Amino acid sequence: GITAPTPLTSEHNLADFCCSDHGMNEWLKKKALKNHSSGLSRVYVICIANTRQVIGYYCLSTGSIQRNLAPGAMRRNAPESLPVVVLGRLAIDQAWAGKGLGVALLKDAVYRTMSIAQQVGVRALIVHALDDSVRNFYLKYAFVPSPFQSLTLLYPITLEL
């Protein structure tokens, strides 16, 4: 039925989308297209058979993890960064749940990150889980908890330069 996720555009009817979490609900309604077009995060969608009413989206923006140049009084730390990718929001229409759709996005999310991690040097797919319902879903699909903060899980990516 549904077809591959693709970047958001003004054309996708985003109006009739209810996902049970108003923050993620209002975000597509309000901040998704203006955000995605101004280039901060990049947002992907999936649609009914050939309908462009939208049933599931996810946004993923670049990000960076850094060694404090001064853990105290400007000590032996040199500028050291690491490219990485945040998966901000994954949300699916409250009435297409159960139909196995959330994993399907998460899987496309991972392939994409792996696709870019070849060209650019990104290293993990971070995500921030606020529910225990959400956190236990990400853990179930291989996201390890992060050592540096508790809300944040990540799916490390390791390959060759």
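When you see a residue number, it is the position in the sequence shown, counting from 1.
Q: Per the entry, where is the mean C-alpha temperature factor higher: 86-94 or 71-79?
A: Comparing 86-94 with 71-79, the higher average CA B-factor belongs to 71-79.
Q: With reference to the PDB entry, specify whether the mean Cα temperature factor is higher for 113-121 or for 46-54.
A: Stretch with the greater average CA B-factor: 46-54.
Q: Checking the record values for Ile157, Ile2, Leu154, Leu8, which has the greatest CA B factor?
A: By C-alpha B-factor in the record, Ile2 ranks first.
Q: Going by the entry, which third of its chain does the Cα temperature factor of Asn13 land in?
A: Highest third of the chain for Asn13's C-alpha B-factor.
Q: Can you work out whether the C-alpha temperature factor of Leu101 puts it in the lowest, middle or highest third of the chain?
A: As the PDB entry reports it, the C-alpha B-factor of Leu101 lands in the highest third of its chain.
Q: How does the C-alpha B factor of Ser146 compare with the rest of the chain: lowest, middle or highest third?
A: It belongs to the lowest third of the chain when residues are ordered by C-alpha B-factor.
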